[PDB]
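File shown: final29.pdb (PDB, C-alpha atoms (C1' of nucleotides) and all ligand atoms).
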```pdb
ATOM      1  CA  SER A   1       0.000   0.000   0.000  1.00  0.00           C
ATOM      2  CA  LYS A   2       2.814   2.435   0.868  1.00  0.00           C
ATOM      3  CA  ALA A   3       4.654   1.715  -2.377  1.00  0.00           C
ATOM      4  CA  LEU A   4       1.531   2.219  -4.474  1.00  0.00           C
ATOM      5  CA  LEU A   5       0.771   5.473  -2.631  1.00  0.00           C
ATOM      6  CA  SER A   6       4.256   6.852  -3.268  1.00  0.00           C
ATOM      7  CA  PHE A   7       4.097   5.771  -6.907  1.00  0.00           C
ATOM      8  CA  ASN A   8       0.710   7.460  -7.350  1.00  0.00           C
ATOM      9  CA  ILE A   9       1.902  10.759  -5.880  1.00  0.00           C
ATOM     10  CA  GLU A  10       5.126  10.816  -7.887  1.00  0.00           C
ATOM     11  CA  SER A  11       3.216   9.738 -11.003  1.00  0.00           C
ATOM     12  CA  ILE A  12       0.886  12.722 -10.697  1.00  0.00           C
ATOM     13  CA  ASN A  13       3.911  14.975 -10.178  1.00  0.00           C
ATOM     14  CA  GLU A  14       5.783  13.571 -13.183  1.00  0.00           C
ATOM     15  CA  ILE A  15       2.748  13.595 -15.483  1.00  0.00           C
ATOM     16  CA  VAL A  16       2.023  17.232 -14.667  1.00  0.00           C
ATOM     17  CA  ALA A  17       5.731  17.991 -15.136  1.00  0.00           C
ATOM     18  CA  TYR A  18       5.690  16.515 -18.644  1.00  0.00           C
ATOM     19  CA  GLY A  19       2.553  18.490 -19.485  1.00  0.00           C
ATOM     20  CA  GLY A  20      -0.088  15.807 -19.056  1.00  0.00           C
ATOM     21  CA  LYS A  21      -3.431  15.831 -17.259  1.00  0.00           C
ATOM     22  CA  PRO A  22      -4.053  12.953 -14.838  1.00  0.00           C
ATOM     23  CA  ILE A  23      -7.552  11.470 -14.858  1.00  0.00           C
ATOM     24  CA  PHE A  24      -7.320   8.658 -12.293  1.00  0.00           C
ATOM     25  CA  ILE A  25      -4.206   7.390 -10.520  1.00  0.00           C
ATOM     26  CA  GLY A  26      -4.995   5.096  -7.617  1.00  0.00           C
ATOM     27  CA  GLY A  27      -4.432   1.560  -6.505  1.00  0.00           C
ATOM     28  CA  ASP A  28      -2.613  -0.123  -9.381  1.00  0.00           C
ATOM     29  CA  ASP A  29      -4.429   1.742 -12.159  1.00  0.00           C
ATOM     30  CA  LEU A  30      -3.459   4.799 -14.199  1.00  0.00           C
ATOM     31  CA  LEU A  31      -5.010   6.904 -16.961  1.00  0.00           C
ATOM     32  CA  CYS A  32      -3.581  10.139 -18.316  1.00  0.00           C
ATOM     33  CA  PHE A  33      -3.798  12.591 -21.213  1.00  0.00           C
ATOM     34  CA  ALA A  34      -0.408  13.750 -22.489  1.00  0.00           C
ATOM     35  CA  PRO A  35       0.952  15.592 -25.526  1.00  0.00           C
ATOM     36  CA  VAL A  36       3.000  13.763 -28.127  1.00  0.00           C
ATOM     37  CA  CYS A  37       6.002  15.990 -27.378  1.00  0.00           C
ATOM     38  CA  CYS A  38       6.669  18.619 -24.719  1.00  0.00           C
ATOM     39  CA  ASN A  39       9.952  20.497 -24.197  1.00  0.00           C
ATOM     40  CA  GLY A  40      12.307  17.915 -25.665  1.00  0.00           C
ATOM     41  CA  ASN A  41      10.551  14.974 -23.989  1.00  0.00           C
ATOM     42  CA  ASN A  42       8.403  12.636 -26.062  1.00  0.00           C
ATOM     43  CA  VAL A  43       5.646  10.383 -24.737  1.00  0.00           C
ATOM     44  CA  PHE A  44       7.949   7.375 -24.444  1.00  0.00           C
ATOM     45  CA  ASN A  45      10.233   9.372 -22.158  1.00  0.00           C
ATOM     46  CA  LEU A  46       7.208   9.937 -19.915  1.00  0.00           C
ATOM     47  CA  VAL A  47       6.403   6.217 -20.046  1.00  0.00           C
ATOM     48  CA  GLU A  48       9.982   5.350 -19.086  1.00  0.00           C
ATOM     49  CA  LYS A  49       9.906   7.881 -16.245  1.00  0.00           C
ATOM     50  CA  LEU A  50       6.663   6.423 -14.878  1.00  0.00           C
ATOM     51  CA  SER A  51       8.108   2.909 -15.130  1.00  0.00           C
ATOM     52  CA  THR A  52      11.219   4.017 -13.240  1.00  0.00           C
ATOM     53  CA  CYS A  53       8.998   5.641 -10.610  1.00  0.00           C
ATOM     54  CA  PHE A  54       7.268   2.282 -10.181  1.00  0.00           C
ATOM     55  CA  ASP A  55      10.550   0.401  -9.760  1.00  0.00           C
ATOM     56  CA  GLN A  56      11.904   3.069  -7.404  1.00  0.00           C
ATOM     57  CA  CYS A  57       8.843   2.937  -5.151  1.00  0.00           C
ATOM     58  CA  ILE A  58       8.827  -0.871  -5.147  1.00  0.00           C
ATOM     59  CA  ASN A  59      12.513  -0.791  -4.187  1.00  0.00           C
ATOM     60  CA  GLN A  60      12.020   1.789  -1.430  1.00  0.00           C
ATOM     61  CA  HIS A  61       9.053   0.191   0.292  1.00  0.00           C
ATOM     62  CA  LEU A  62       9.210  -3.517  -0.643  1.00  0.00           C
ATOM     63  CA  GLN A  63      12.950  -3.891  -0.021  1.00  0.00           C
ATOM     64  CA  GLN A  64      12.325  -6.892   2.238  1.00  0.00           C
ATOM     65  CA  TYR A  65      10.302  -8.681  -0.446  1.00  0.00           C
ATOM     66  CA  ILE A  66      12.787  -8.029  -3.255  1.00  0.00           C
ATOM     67  CA  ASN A  67      15.748  -8.848  -1.012  1.00  0.00           C
ATOM     68  CA  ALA A  68      14.229 -12.115   0.205  1.00  0.00           C
ATOM     69  CA  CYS A  69      12.210 -13.529  -2.715  1.00  0.00           C
ATOM     70  CA  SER A  70      12.868 -12.218  -6.220  1.00  0.00           C
ATOM     71  CA  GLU A  71      16.580 -13.042  -6.134  1.00  0.00           C
ATOM     72  CA  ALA A  72      15.946 -16.773  -5.649  1.00  0.00           C
ATOM     73  CA  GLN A  73      13.226 -16.941  -8.290  1.00  0.00           C
ATOM     74  CA  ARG A  74      10.204 -14.636  -8.553  1.00  0.00           C
ATOM     75  CA  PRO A  75       8.971 -11.980 -11.006  1.00  0.00           C
ATOM     76  CA  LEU A  76       9.124  -8.509  -9.504  1.00  0.00           C
ATOM     77  CA  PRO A  77       5.956  -6.374  -9.571  1.00  0.00           C
ATOM     78  CA  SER A  78       5.583  -4.776 -12.988  1.00  0.00           C
ATOM     79  CA  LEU A  79       3.621  -2.077 -14.801  1.00  0.00           C
ATOM     80  CA  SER A  80       2.090  -2.439 -18.270  1.00  0.00           C
ATOM     81  CA  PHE A  81       1.482   0.555 -20.533  1.00  0.00           C
ATOM     82  CA  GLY A  82      -0.986   1.242 -23.331  1.00  0.00           C
ATOM     83  CA  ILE A  83      -0.488   4.350 -25.478  1.00  0.00           C
ATOM     84  CA  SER A  84      -2.739   5.651 -28.263  1.00  0.00           C
ATOM     85  CA  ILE A  85      -2.043   8.762 -30.356  1.00  0.00           C
ATOM     86  CA  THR A  86      -4.911  10.246 -32.368  1.00  0.00           C
ATOM     87  CA  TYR A  87      -6.055  13.467 -34.005  1.00  0.00           C
ATOM     88  CA  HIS A  88      -7.801  15.952 -31.732  1.00  0.00           C
ATOM     89  CA  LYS A  89     -10.937  15.739 -33.901  1.00  0.00           C
ATOM     90  CA  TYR A  90     -11.393  12.048 -33.148  1.00  0.00           C
ATOM     91  CA  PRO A  91     -14.044  10.153 -31.169  1.00  0.00           C
ATOM     92  CA  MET A  92     -12.965  10.024 -27.539  1.00  0.00           C
ATOM     93  CA  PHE A  93     -14.935   6.836 -26.895  1.00  0.00           C
ATOM     94  CA  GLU A  94     -13.167   4.953 -29.686  1.00  0.00           C
ATOM     95  CA  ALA A  95      -9.783   6.304 -28.576  1.00  0.00           C
ATOM     96  CA  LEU A  96     -10.409   5.000 -25.059  1.00  0.00           C
ATOM     97  CA  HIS A  97     -11.539   1.676 -26.541  1.00  0.00           C
ATOM     98  CA  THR A  98      -8.262   1.501 -28.466  1.00  0.00           C
ATOM     99  CA  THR A  99      -6.299   2.266 -25.297  1.00  0.00           C
ATOM    100  CA  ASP A 100      -8.209  -0.408 -23.362  1.00  0.00           C
ATOM    101  CA  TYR A 101      -7.625  -2.917 -26.165  1.00  0.00           C
ATOM    102  CA  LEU A 102      -3.898  -2.176 -26.197  1.00  0.00           C
ATOM    103  CA  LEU A 103      -3.600  -2.407 -22.413  1.00  0.00           C
ATOM    104  CA  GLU A 104      -5.675  -5.542 -21.831  1.00  0.00           C
ATOM    105  CA  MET A 105      -5.699  -7.646 -24.993  1.00  0.00           C
ATOM    106  CA  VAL A 106      -2.124  -6.917 -26.104  1.00  0.00           C
ATOM    107  CA  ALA A 107      -0.028  -5.472 -23.276  1.00  0.00           C
ATOM    108  CA  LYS A 108      -1.445  -7.909 -20.715  1.00  0.00           C
ATOM    109  CA  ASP A 109      -1.783 -10.659 -23.360  1.00  0.00           C
ATOM    110  CA  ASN A 110      -5.402 -11.076 -22.319  1.00  0.00           C
ATOM    111  CA  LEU A 111      -6.179 -11.983 -25.935  1.00  0.00           C
ATOM    112  CA  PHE A 112      -4.220 -15.206 -25.418  1.00  0.00           C
ATOM    113  CA  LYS A 113      -5.963 -15.858 -22.099  1.00  0.00           C
ATOM    114  CA  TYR A 114      -9.420 -14.943 -23.408  1.00  0.00           C
ATOM    115  CA  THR A 115      -9.209 -17.028 -26.581  1.00  0.00           C
ATOM    116  CA  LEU A 116      -7.970 -19.946 -24.483  1.00  0.00           C
ATOM    117  CA  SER A 117     -10.591 -19.560 -21.726  1.00  0.00           C
ATOM    118  CA  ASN A 118     -13.569 -18.952 -24.018  1.00  0.00           C
ATOM    119  CA  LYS A 119     -12.968 -22.441 -25.432  1.00  0.00           C
ATOM    120  CA  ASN A 120     -11.821 -23.817 -22.037  1.00  0.00           C
ATOM    121  CA  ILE A 121      -8.212 -24.738 -22.839  1.00  0.00           C
ATOM    122  CA  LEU A 122      -6.494 -22.825 -20.020  1.00  0.00           C
ATOM    123  CA  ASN A 123      -4.353 -25.574 -18.554  1.00  0.00           C
ATOM    124  CA  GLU A 124      -1.667 -24.703 -16.022  1.00  0.00           C
ATOM    125  CA  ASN A 125       1.149 -25.339 -18.499  1.00  0.00           C
ATOM    126  CA  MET A 126      -0.518 -22.916 -20.909  1.00  0.00           C
ATOM    127  CA  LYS A 127      -0.943 -20.412 -18.071  1.00  0.00           C
ATOM    128  CA  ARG A 128       2.827 -20.593 -17.526  1.00  0.00           C
ATOM    129  CA  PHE A 129       3.192 -18.951 -20.957  1.00  0.00           C
ATOM    130  CA  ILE A 130       1.190 -15.817 -20.098  1.00  0.00           C
ATOM    131  CA  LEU A 131       3.265 -12.686 -20.644  1.00  0.00           C
ATOM    132  CA  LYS A 132       3.359  -9.355 -18.825  1.00  0.00           C
ATOM    133  CA  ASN A 133       5.588  -6.256 -18.693  1.00  0.00           C
ATOM    134  CA  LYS A 134       4.705  -4.919 -22.127  1.00  0.00           C
ATOM    135  CA  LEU A 135       4.322  -1.560 -23.863  1.00  0.00           C
ATOM    136  CA  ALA A 136       1.395  -1.436 -26.299  1.00  0.00           C
ATOM    137  CA  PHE A 137       1.641   1.597 -28.570  1.00  0.00           C
ATOM    138  CA  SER A 138      -0.577   2.678 -31.466  1.00  0.00           C
ATOM    139  CA  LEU A 139      -0.758   5.813 -33.608  1.00  0.00           C
ATOM    140  CA  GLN A 140      -3.578   6.785 -35.971  1.00  0.00           C
ATOM    141  CA  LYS A 141      -2.907   9.568 -38.468  1.00  0.00           C
ATOM    142  CA  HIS A 142      -5.318  11.864 -40.330  1.00  0.00           C
ATOM    143  CA  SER A 143      -5.981   9.339 -43.099  1.00  0.00           C
ATOM    144  CA  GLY A 144      -6.182   6.119 -41.126  1.00  0.00           C
ATOM    145  CA  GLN A 145      -2.681   4.706 -41.273  1.00  0.00           C
ATOM    146  CA  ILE A 146      -1.991   2.875 -38.013  1.00  0.00           C
ATOM    147  CA  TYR A 147       1.439   2.257 -36.518  1.00  0.00           C
ATOM    148  CA  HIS A 148       1.113  -0.299 -33.729  1.00  0.00           C
ATOM    149  CA  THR A 149       3.724  -2.332 -31.889  1.00  0.00           C
ATOM    150  CA  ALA A 150       4.303  -4.146 -28.611  1.00  0.00           C
TER     151      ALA A 150
ATOM    152  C1'   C B   1      88.078 -11.349-119.659  1.00  0.00           C
ATOM    153  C1'   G B   2      83.776 -13.010-121.990  1.00  0.00           C
ATOM    154  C1'   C B   3      78.971 -14.607-120.758  1.00  0.00           C
ATOM    155  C1'   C B   4      74.966 -15.699-117.306  1.00  0.00           C
ATOM    156  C1'   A B   5      70.873 -16.026-112.684  1.00  0.00           C
ATOM    157  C1'   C B   6      67.680 -18.339-109.765  1.00  0.00           C
ATOM    158  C1'   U B   7      64.984 -18.471-104.588  1.00  0.00           C
ATOM    159  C1'   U B   8      61.911 -16.857-100.453  1.00  0.00           C
ATOM    160  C1'   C B   9      56.485 -13.036 -99.741  1.00  0.00           C
ATOM    161  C1'   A B  10      53.392 -14.472 -91.824  1.00  0.00           C
ATOM    162  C1'   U B  11      53.380 -17.305 -88.372  1.00  0.00           C
ATOM    163  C1'   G B  12      52.723 -17.696 -82.893  1.00  0.00           C
ATOM    164  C1'   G B  13      50.455 -14.788 -78.278  1.00  0.00           C
ATOM    165  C1'   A B  14      47.017 -11.279 -76.283  1.00  0.00           C
ATOM    166  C1'   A B  15      40.364 -11.117 -78.534  1.00  0.00           C
ATOM    167  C1'   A B  16      38.361  -7.712 -73.223  1.00  0.00           C
ATOM    168  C1'   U B  17      39.464  -6.829 -67.695  1.00  0.00           C
ATOM    169  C1'   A B  18      37.995  -4.236 -63.060  1.00  0.00           C
ATOM    170  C1'   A B  19      34.686   0.025 -60.156  1.00  0.00           C
ATOM    171  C1'   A B  20      30.042   1.894 -59.639  1.00  0.00           C
ATOM    172  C1'   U B  21      24.217  -1.851 -60.412  1.00  0.00           C
ATOM    173  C1'   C B  22      20.498   3.292 -58.466  1.00  0.00           C
ATOM    174  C1'   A B  23      21.063   7.310 -54.366  1.00  0.00           C
ATOM    175  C1'   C B  24      18.266  11.313 -51.750  1.00  0.00           C
ATOM    176  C1'   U B  25      13.384  13.814 -50.818  1.00  0.00           C
ATOM    177  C1'   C B  26       8.339  13.284 -50.416  1.00  0.00           C
ATOM    178  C1'   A B  27       5.247   7.289 -48.166  1.00  0.00           C
ATOM    179  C1'   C B  28      -0.213  10.918 -48.139  1.00  0.00           C
ATOM    180  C1'   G B  29      -1.761  16.659 -47.061  1.00  0.00           C
ATOM    181  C1'   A B  30      -6.372  19.913 -46.630  1.00  0.00           C
ATOM    182  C1'   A B  31     -11.471  20.136 -46.346  1.00  0.00           C
ATOM    183  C1'   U B  32     -14.670  17.372 -44.952  1.00  0.00           C
TER     184        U B  32
HETATM  185 MN    MN A 201      -6.201  -2.697 -11.929  1.00  0.00          MN
END
```
The structure in this file should be written as C-alpha cells.
Amino acid sequence: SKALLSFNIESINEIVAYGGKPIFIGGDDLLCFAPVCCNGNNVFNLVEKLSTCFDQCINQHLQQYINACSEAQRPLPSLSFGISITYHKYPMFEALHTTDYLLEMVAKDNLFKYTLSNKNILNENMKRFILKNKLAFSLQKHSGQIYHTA
RNA sequence: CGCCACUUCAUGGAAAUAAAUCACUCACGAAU
C-alpha cells in the first residue's frame, strides 16, 4: 500500500511535469492525457519515467520482499502501458476503446488468455506462458494509417 | 676477260578486364 501510494503521488507529479493531465491514478491503475512531445521529452520518455517511478517505489518500500524472494526466483511487480495517439478531432470513446484494447488484450496478453478460456483450454502449463511487462503503442494519423507495436 | 641467274612473300600470343548496379526527398496533405 505504501509503495503504491508513493508511486501514485510521484506519477501525478511527473505527469504534470511533462505536461499531461491525470484522470485517475490510484491503486494499481493509471489513466492520463499527455501531448505527443513537450519540451524535448516525447511520450515514451514519460512512459519510461513512470516505469522508473514504479521500480523506485517498489525498491524503497518492498525492499524486504525483493531482497528475500525475487533473487531466488520470482517476477518482480511490474507495470504495463498502453499508449494511443490520435487526431484531436477524433471520437474520444473509440480512442479509449483503443487504449483499453492495447492495455488488456495486447499489453497484458489477455487476448491469449481470453481465446484460451472462451474455449476452455487454459491448462496450467498454458498459463505458464502468459506474458506481462509490455508496452502497447498505437498511432492513428489523419488518413487512417496505423502504426502499432508491442 | 667473256657470258649468265635463280629463290623466299606471316606465323605464334594477347580477342576484353575491373569500379560503380540506383542514391536522396516526399510514403499521403487539406477540407470534410
Ligand atoms: Mn487494476
Would you kindly report the residues of chain A within 10 Å of chain B, using all atoms listed in the file, as a compact mmCIF listing (two decimals) with C-alpha atoms, in the coordinates of the input?
```
# COMPACT_ATOMS: atom_id res chain seq x y z
CA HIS A 142 -5.32 11.86 -40.33
CA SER A 143 -5.98 9.34 -43.10
CA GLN A 145 -2.68 4.71 -41.27
```
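Of note, atom CA of residue A:97 and atom CA of residue A:3 are spaced 29.1 Å apart.
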Expansion of the PyMOL selection byres (((chain A and resi 49) around 12) and not hetatm) into residues, as a ChimeraX atom specification: /A:7,10-15,17-18,41-48,50-56,79,81
Requested write-out: C-alpha atoms of the selected residues, as a compact mmCIF listing (two decimals), in the coordinates of the input:
```
# COMPACT_ATOMS: atom_id res chain seq x y z
CA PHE A 7 4.10 5.77 -6.91
CA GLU A 10 5.13 10.82 -7.89
CA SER A 11 3.22 9.74 -11.00
CA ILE A 12 0.89 12.72 -10.70
CA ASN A 13 3.91 14.98 -10.18
CA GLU A 14 5.78 13.57 -13.18
CA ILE A 15 2.75 13.60 -15.48
CA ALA A 17 5.73 17.99 -15.14
CA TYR A 18 5.69 16.52 -18.64
CA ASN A 41 10.55 14.97 -23.99
CA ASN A 42 8.40 12.64 -26.06
CA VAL A 43 5.65 10.38 -24.74
CA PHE A 44 7.95 7.38 -24.44
CA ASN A 45 10.23 9.37 -22.16
CA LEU A 46 7.21 9.94 -19.92
CA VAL A 47 6.40 6.22 -20.05
CA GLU A 48 9.98 5.35 -19.09
CA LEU A 50 6.66 6.42 -14.88
CA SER A 51 8.11 2.91 -15.13
CA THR A 52 11.22 4.02 -13.24
CA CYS A 53 9.00 5.64 -10.61
CA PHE A 54 7.27 2.28 -10.18
CA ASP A 55 10.55 0.40 -9.76
CA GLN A 56 11.90 3.07 -7.40
CA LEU A 79 3.62 -2.08 -14.80
CA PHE A 81 1.48 0.56 -20.53
```
Given a cut-off of 10 Å, what residues near ligand MN 201 (chain A) show up using all atoms listed in the file, put as a PyMOL selection string? chain A and resi 26-30
Straight-line distance linking atom CA of residue A:103 with atom CA of residue A:128, stated in Å to one decimal: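 So the answer is 19.9 Å.
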Mind pulling up the distance from atom CA of residue A:111 to atom CA of residue A:88?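 According to the coordinates, atom CA of residue A:88 and atom CA of residue A:111 are separated by 28.6 Å.
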Residues returned when the PyMOL selection byres (((chain A and resi 133-141) around 6) and not hetatm) runs on this file, as a PyMOL selection string: chain A and resi 78+80-86+102+107+132+142-150
In terms of the shortest atom-to-atom distance over all atoms listed in the file, which of A:24, A:90, A:33, A:129 is closest to residue A:108?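 Residue with the minimum atom-to-atom distance to residue A:108: A:129.
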Using the file's own x, y and z axes, what box holds all listed atoms of stretch 16-26 of chain B with 3 Å on each side, keeping edges along x, y and z, and what are its centre and edge lengths in Å to one decimal, as lines of an AutoDock Vina configuration file?
```
center_x = 23.9
center_y = 3.1
center_z = -61.8
size_x = 37.1
size_y = 27.5
size_z = 28.8
```
